[PDB]
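J.: Coordinates in data_28.pdb, PDB, C-alpha atoms, are listed below.
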```
ATOM      1  CA  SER G   1      20.535 -36.538  -0.382
ATOM      2  CA  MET G   2      16.859 -36.886  -0.234
ATOM      3  CA  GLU G   3      16.711 -35.047   3.160
ATOM      4  CA  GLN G   4      18.347 -32.016   1.384
ATOM      5  CA  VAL G   5      15.782 -32.148  -1.374
ATOM      6  CA  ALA G   6      12.968 -32.195   1.086
ATOM      7  CA  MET G   7      14.358 -29.167   2.930
ATOM      8  CA  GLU G   8      14.653 -27.439  -0.464
ATOM      9  CA  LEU G   9      11.049 -28.196  -1.264
ATOM     10  CA  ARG G  10       9.906 -26.693   2.090
ATOM     11  CA  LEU G  11      12.001 -23.497   1.225
ATOM     12  CA  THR G  12      10.315 -23.372  -2.141
ATOM     13  CA  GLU G  13       6.873 -23.642  -0.728
ATOM     14  CA  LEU G  14       7.665 -20.951   1.898
ATOM     15  CA  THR G  15       8.888 -18.767  -0.964
ATOM     16  CA  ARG G  16       5.549 -19.236  -2.732
ATOM     17  CA  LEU G  17       3.584 -18.258   0.360
ATOM     18  CA  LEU G  18       5.886 -15.197   1.032
ATOM     19  CA  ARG G  19       5.371 -14.122  -2.564
ATOM     20  CA  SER G  20       1.614 -14.039  -2.018
ATOM     21  CA  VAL G  21       2.144 -12.213   1.373
ATOM     22  CA  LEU G  22       4.431  -9.678  -0.354
ATOM     23  CA  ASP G  23       1.754  -8.997  -2.967
ATOM     24  CA  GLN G  24      -0.860  -8.456  -0.483
ATOM     25  CA  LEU G  25       1.304  -6.085   1.634
ATOM     26  CA  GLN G  26       2.347  -4.092  -1.368
ATOM     27  CA  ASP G  27      -1.256  -3.561  -2.366
ATOM     28  CA  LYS G  28      -1.609  -1.647   0.928
ATOM     29  CA  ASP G  29       0.813   0.941  -0.611
ATOM     30  CA  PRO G  30      -1.185   2.186  -3.522
ATOM     31  CA  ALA G  31       0.910   5.374  -3.751
ATOM     32  CA  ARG G  32       4.025   3.189  -4.312
ATOM     33  CA  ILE G  33       5.905   5.169  -1.663
ATOM     34  CA  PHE G  34       7.759   1.939  -0.604
ATOM     35  CA  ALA G  35       8.253   0.371  -4.000
ATOM     36  CA  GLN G  36      11.820   1.264  -4.625
ATOM     37  CA  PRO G  37      15.059   2.143  -2.635
ATOM     38  CA  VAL G  38      15.478   5.686  -1.494
ATOM     39  CA  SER G  39      17.753   7.265  -4.070
ATOM     40  CA  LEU G  40      21.103   8.559  -2.671
ATOM     41  CA  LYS G  41      21.285  10.925  -5.599
ATOM     42  CA  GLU G  42      17.978  12.548  -4.422
ATOM     43  CA  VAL G  43      18.535  12.122  -0.605
ATOM     44  CA  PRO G  44      22.316  12.355  -0.275
ATOM     45  CA  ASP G  45      22.318  12.276   3.534
ATOM     46  CA  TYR G  46      20.114   9.179   3.815
ATOM     47  CA  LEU G  47      22.664   6.661   5.034
ATOM     48  CA  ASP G  48      23.751   9.082   7.796
ATOM     49  CA  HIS G  49      20.202   8.653   9.144
ATOM     50  CA  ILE G  50      19.164   5.126   8.166
ATOM     51  CA  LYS G  51      21.627   2.300   8.543
ATOM     52  CA  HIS G  52      19.680  -0.523   6.892
ATOM     53  CA  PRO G  53      17.516   0.852   4.031
ATOM     54  CA  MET G  54      14.735  -1.444   2.796
ATOM     55  CA  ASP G  55      11.985  -1.310   0.117
ATOM     56  CA  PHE G  56       9.645  -3.740  -1.716
ATOM     57  CA  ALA G  57      11.928  -4.171  -4.741
ATOM     58  CA  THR G  58      14.852  -5.198  -2.600
ATOM     59  CA  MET G  59      12.634  -7.666  -0.706
ATOM     60  CA  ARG G  60      11.366  -9.154  -4.020
ATOM     61  CA  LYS G  61      15.045  -9.700  -5.159
ATOM     62  CA  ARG G  62      15.815 -11.536  -1.927
ATOM     63  CA  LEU G  63      12.590 -13.571  -2.162
ATOM     64  CA  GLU G  64      13.285 -14.693  -5.737
ATOM     65  CA  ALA G  65      16.647 -16.007  -4.746
ATOM     66  CA  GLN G  66      14.834 -17.915  -1.965
ATOM     67  CA  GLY G  67      16.748 -15.808   0.553
ATOM     68  CA  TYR G  68      14.086 -15.820   3.303
ATOM     69  CA  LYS G  69      14.509 -18.978   5.428
ATOM     70  CA  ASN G  70      11.570 -18.271   7.717
ATOM     71  CA  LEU G  71       8.709 -15.751   8.156
ATOM     72  CA  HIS G  72      10.679 -13.863  10.880
ATOM     73  CA  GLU G  73      13.329 -12.868   8.394
ATOM     74  CA  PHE G  74      10.716 -11.599   5.931
ATOM     75  CA  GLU G  75       8.920  -9.649   8.714
ATOM     76  CA  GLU G  76      12.181  -8.079   9.776
ATOM     77  CA  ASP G  77      12.665  -6.566   6.274
ATOM     78  CA  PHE G  78       8.997  -5.372   6.174
ATOM     79  CA  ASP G  79       9.389  -3.708   9.558
ATOM     80  CA  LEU G  80      12.531  -1.927   8.267
ATOM     81  CA  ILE G  81      10.509  -0.365   5.425
ATOM     82  CA  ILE G  82       8.024   1.051   7.978
ATOM     83  CA  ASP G  83      10.390   1.900  10.775
ATOM     84  CA  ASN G  84      13.007   3.605   8.496
ATOM     85  CA  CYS G  85      10.290   5.839   7.103
ATOM     86  CA  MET G  86       8.873   6.750  10.491
ATOM     87  CA  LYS G  87      12.291   7.860  11.705
ATOM     88  CA  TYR G  88      13.405   9.900   8.665
ATOM     89  CA  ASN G  89      10.073  11.580   8.006
ATOM     90  CA  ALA G  90       8.002  13.637  10.494
ATOM     91  CA  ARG G  91       4.533  12.801  11.697
ATOM     92  CA  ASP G  92       2.937  15.500   9.565
ATOM     93  CA  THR G  93       4.149  14.072   6.237
ATOM     94  CA  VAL G  94       2.469  11.918   3.610
ATOM     95  CA  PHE G  95       5.449   9.517   3.920
ATOM     96  CA  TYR G  96       5.038   8.881   7.653
ATOM     97  CA  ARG G  97       1.321   8.597   7.352
ATOM     98  CA  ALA G  98       1.651   6.088   4.464
ATOM     99  CA  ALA G  99       3.897   3.963   6.682
ATOM    100  CA  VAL G 100       1.402   3.975   9.524
ATOM    101  CA  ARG G 101      -1.354   2.834   7.226
ATOM    102  CA  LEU G 102       0.869   0.101   5.681
ATOM    103  CA  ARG G 103       1.833  -1.135   9.140
ATOM    104  CA  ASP G 104      -1.814  -1.263  10.298
ATOM    105  CA  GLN G 105      -3.168  -2.971   7.176
ATOM    106  CA  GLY G 106      -0.157  -5.276   6.879
ATOM    107  CA  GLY G 107      -0.580  -6.569  10.474
ATOM    108  CA  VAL G 108      -3.851  -8.218   9.391
ATOM    109  CA  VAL G 109      -2.097 -10.083   6.578
ATOM    110  CA  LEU G 110       0.867 -11.143   8.657
ATOM    111  CA  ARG G 111      -1.288 -12.483  11.470
ATOM    112  CA  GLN G 112      -2.808 -15.066   9.091
ATOM    113  CA  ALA G 113       0.519 -15.712   7.284
ATOM    114  CA  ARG G 114       1.976 -16.821  10.603
ATOM    115  CA  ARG G 115      -0.882 -19.245  11.241
ATOM    116  CA  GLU G 116      -0.344 -20.697   7.620
ATOM    117  CA  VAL G 117       3.398 -21.098   8.032
ATOM    118  CA  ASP G 118       2.915 -22.895  11.404
ATOM    119  CA  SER G 119      -0.080 -24.943  10.192
ATOM    120  CA  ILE G 120       1.510 -26.200   6.860
ATOM    121  CA  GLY G 121       4.960 -26.379   8.571
TER     122      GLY G 121
END
```
Would you kindly transcribe this structure into structure tokens?

T.:
Amino acid sequence: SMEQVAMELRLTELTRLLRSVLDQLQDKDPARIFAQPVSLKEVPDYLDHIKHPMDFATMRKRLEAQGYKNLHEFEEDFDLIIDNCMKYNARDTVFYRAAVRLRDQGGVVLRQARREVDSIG
């Protein structure tokens, strides 16, 4: 149906905007601390600590399959990256501190992304 096509176009355009948001957030991680999944070979206990691991690569796989239906879903995965790190790592570590800085800088980006998603529809 044409109604289905139109919904699919809206999902495509959201995907485009979330791809630009993702790029901008990932630039706030110049150390690439969040770029890839935590390796279970290197951190064998990880899944005892963290129940829903997340990272930018995994988000980009979901995005390319158009698997984010709204901005809330995308934000949920970004918050997992930050919040996972802040639980597993202590305050005194480069990992924790990187997550704080990514959260703070990313908030700016997400505030305007929300206005764009609402504005464009």

J.: For stretch 63-65 of chain G, find every residue with an atom within 8 Å (counting all atoms listed in the file), except residues of its own chain fewer than 5 positions away, and show them as number ranges by chain.

T.: G: 15, 18-19

J.: Just so the selection is clear, what residues does the PyMOL selection byres ((chain G and resi 28) around 12) cover here, as a JSON list (two decimals) with C-alpha atoms, in the coordinates of the input?

T.:
```
[["chain", "number", "residue", "atom", "x", "y", "z"],
["G", 21, "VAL", "CA", 2.14, -12.21, 1.37],
["G", 22, "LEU", "CA", 4.43, -9.68, -0.35],
["G", 23, "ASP", "CA", 1.75, -9.00, -2.97],
["G", 24, "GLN", "CA", -0.86, -8.46, -0.48],
["G", 25, "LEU", "CA", 1.30, -6.08, 1.63],
["G", 26, "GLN", "CA", 2.35, -4.09, -1.37],
["G", 27, "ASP", "CA", -1.26, -3.56, -2.37],
["G", 29, "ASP", "CA", 0.81, 0.94, -0.61],
["G", 30, "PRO", "CA", -1.18, 2.19, -3.52],
["G", 31, "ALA", "CA", 0.91, 5.37, -3.75],
["G", 32, "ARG", "CA", 4.03, 3.19, -4.31],
["G", 33, "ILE", "CA", 5.90, 5.17, -1.66],
["G", 34, "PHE", "CA", 7.76, 1.94, -0.60],
["G", 35, "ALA", "CA", 8.25, 0.37, -4.00],
["G", 56, "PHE", "CA", 9.64, -3.74, -1.72],
["G", 98, "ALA", "CA", 1.65, 6.09, 4.46],
["G", 99, "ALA", "CA", 3.90, 3.96, 6.68],
["G", 100, "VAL", "CA", 1.40, 3.98, 9.52],
["G", 101, "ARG", "CA", -1.35, 2.83, 7.23],
["G", 102, "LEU", "CA", 0.87, 0.10, 5.68],
["G", 103, "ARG", "CA", 1.83, -1.14, 9.14],
["G", 104, "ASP", "CA", -1.81, -1.26, 10.30],
["G", 105, "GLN", "CA", -3.17, -2.97, 7.18],
["G", 106, "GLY", "CA", -0.16, -5.28, 6.88],
["G", 107, "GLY", "CA", -0.58, -6.57, 10.47],
["G", 108, "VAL", "CA", -3.85, -8.22, 9.39],
["G", 109, "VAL", "CA", -2.10, -10.08, 6.58]]
```

J.: Under the PyMOL selection byres ((chain G and resi 58) around 12), which residues of this model are included? Write them out as number ranges by chain.

T.: G: 22, 34-38, 52-57, 59-65, 67, 74, 77-78, 80-81

J.: For atom CA of residue G:70 and atom CA of residue G:112, determine how far apart the two atoms are, in Å to one decimal place.

T.: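 Answer for the atom CA of residue G:70 to atom CA of residue G:112 separation: 14.8 Å.
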
J.: So, counting only C-alpha atoms, which residue among G:68, G:48, G:43, G:73 is closest to residue G:13?

T.: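 Between G:68, G:48, G:43, G:73, the residue approaching residue G:13 most closely is G:68.
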
J.: Report, in Å to a single decimal, how far apart atom CA of residue G:2 and atom CA of residue G:20 are.

T.: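 Rounded to one decimal, the two atoms are 27.5 Å apart.
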
J.: Quick one: pull the distance between atom CA of residue G:49 and atom CA of residue G:97, Å, one decimal.

T.: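 Between these atoms lies a distance of 19.0 Å.
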
J.: Starting from the shown file, work through the PyMOL selection byres ((chain G and resi 10) around 12) and note down what comes out as a PyMOL selection string.

T.: chain G and resi 3-9+11-17+66+68-70+117+120-121

J.: Which one of G:85, G:1, G:118, G:111 sits closest to residue G:46 if you count only C-alpha atoms?

T.: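 Ranking G:85, G:1, G:118, G:111 by distance to residue G:46, first place goes to G:85.
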
J.: Of the candidates G:40, G:96, G:119, G:50, which shows the shortest atom-to-atom distance to residue G:84, using all atoms listed in the file?

T.: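 Selected residue with least distance to residue G:84: G:50.
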
J.: For N, CA and C atoms, please extract stretch 43-63 of chain G from the block and return it as a short mmCIF file (atom, residue, chain, number, x, y, z; two decimals), in the first residue's frame.

T.:
```
data_model
loop_
_atom_site.label_atom_id
_atom_site.label_comp_id
_atom_site.auth_asym_id
_atom_site.auth_seq_id
_atom_site.Cartn_x
_atom_site.Cartn_y
_atom_site.Cartn_z
N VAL G 43 37.87 -9.54 28.84
CA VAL G 43 37.15 -9.23 30.12
C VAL G 43 36.16 -10.31 30.31
N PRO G 44 36.64 -11.51 30.77
CA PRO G 44 35.82 -12.73 30.80
C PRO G 44 34.61 -12.70 31.71
N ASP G 45 34.71 -11.84 32.75
CA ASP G 45 33.60 -11.67 33.71
C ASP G 45 32.56 -10.62 33.30
N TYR G 46 32.68 -10.05 32.08
CA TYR G 46 31.89 -8.83 31.82
C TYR G 46 30.43 -9.00 31.96
N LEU G 47 29.84 -10.11 31.44
CA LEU G 47 28.43 -10.31 31.39
C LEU G 47 27.87 -10.73 32.79
N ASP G 48 28.75 -10.96 33.73
CA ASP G 48 28.30 -11.12 35.13
C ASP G 48 27.94 -9.74 35.67
N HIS G 49 28.63 -8.68 35.19
CA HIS G 49 28.44 -7.33 35.64
C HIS G 49 27.38 -6.63 34.85
N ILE G 50 27.49 -6.66 33.51
CA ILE G 50 26.73 -5.83 32.60
C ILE G 50 25.79 -6.76 31.76
N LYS G 51 24.53 -6.50 31.95
CA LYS G 51 23.55 -7.39 31.31
C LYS G 51 23.19 -7.07 29.87
N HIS G 52 23.37 -5.79 29.44
CA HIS G 52 23.05 -5.38 28.11
C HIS G 52 24.29 -4.50 27.61
N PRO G 53 25.31 -5.18 27.21
CA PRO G 53 26.46 -4.45 26.59
C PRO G 53 26.04 -3.64 25.33
N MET G 54 26.70 -2.51 25.13
CA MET G 54 26.41 -1.67 23.98
C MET G 54 27.72 -0.97 23.56
N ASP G 55 27.78 -0.57 22.31
CA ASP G 55 28.98 0.14 21.78
C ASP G 55 28.57 0.79 20.41
N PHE G 56 29.41 1.64 19.86
CA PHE G 56 29.02 2.37 18.66
C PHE G 56 28.93 1.43 17.48
N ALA G 57 29.75 0.42 17.31
CA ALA G 57 29.63 -0.49 16.21
C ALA G 57 28.33 -1.22 16.14
N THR G 58 27.87 -1.67 17.30
CA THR G 58 26.63 -2.40 17.45
C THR G 58 25.49 -1.45 17.10
N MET G 59 25.52 -0.21 17.55
CA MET G 59 24.48 0.75 17.21
C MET G 59 24.48 0.96 15.69
N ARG G 60 25.63 1.07 15.07
CA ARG G 60 25.69 1.36 13.61
C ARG G 60 25.09 0.18 12.84
N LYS G 61 25.28 -1.06 13.28
CA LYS G 61 24.65 -2.26 12.66
C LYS G 61 23.12 -2.18 12.75
N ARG G 62 22.62 -1.86 13.92
CA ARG G 62 21.18 -1.68 14.08
C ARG G 62 20.66 -0.54 13.20
N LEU G 63 21.34 0.57 13.14
CA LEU G 63 20.92 1.73 12.38
C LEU G 63 20.83 1.36 10.91
#
```
